[PDB]
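>>> experimental structure and sequence below.
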Amino acid sequence: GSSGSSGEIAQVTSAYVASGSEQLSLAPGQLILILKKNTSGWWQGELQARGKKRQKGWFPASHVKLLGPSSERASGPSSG
């Protein structure tokens, strides 16, 4: 298939306001690269969006949604 450089991307579904404690702010309509995941829900990714400084912190996965980077054309609305 393909194996080189590709991490787990997540699409923000709800804006978030990182407190500060190694937290990362999430914005609706942005992209983040999952680097670390916790069994609590806090995920440590890096905002893959233009930013003064590479955004990286711990944020709730409940604010983002996995883009399921492992599929071949989400089937469903078949044609024939």
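Great, that's in hand. Numbers count the residues shown, from 1 in each chain.
>>> next, count neighbours for residue 2.
Summarising burial for residue 2: neighbours were counted as other CB atoms under 10 Å, giving 5. Backbone N, C-alpha and C define where each C-beta goes, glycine included.
>>> sorry, that was for residue 64
For residue 64, the number of neighbouring residues by other CB under 10 Å comes to 23.
>>> and it, what are its bridge partners?
According to DSSP bridges, residue 12 are recorded as the beta-bridge partners of residue 64.
>>> my read: it touches residue 11, true?
Yes. Look at residue 64 against residue 11 with CB atoms under 8 Å: they come within range, at 6.3 Å.
>>> where's the nearest residue to residue 45 once chain neighbours are set aside relative to residue 1, distance?
Counting by CB to CB, 6 or more residues apart in numbering, residue 45 lies nearest to residue 32, which is 4.1 Å off, once chain neighbours are set aside. Computed with CB to CB, to the nearest Å, the distance linking residue 32 and residue 1 is 24 Å.
>>> same question for residue 44.
26 Å.
>>> what of residue 79?
Distance of residue 79 to residue 1, given as CB to CB: 25 Å.
>>> and residue 44 and residue 1? Which one has more around it.
Set residue 44 next to residue 1 and count neighbours by other CB under 10 Å: residue 44 wins out with 18 against 4.
>>> next, that one: phi, psi?
phi -110, psi 100 (degrees, to the nearest 10).
>>> report the contact partners of it.
Taking CB atoms under 8 Å, 6 or more residues apart in numbering as the criterion, residue 44 is in contact with 24, 34, 35, 36, 37, 38, 56, 57, 58, 59.
>>> just give the nearest non-adjacent residue to it, would you?
Residue 44 sits nearest to residue 36 (CB to CB, 6+ apart), 3.6 Å away.
>>> repeat for residue 62
residue 41 (6.1 Å).
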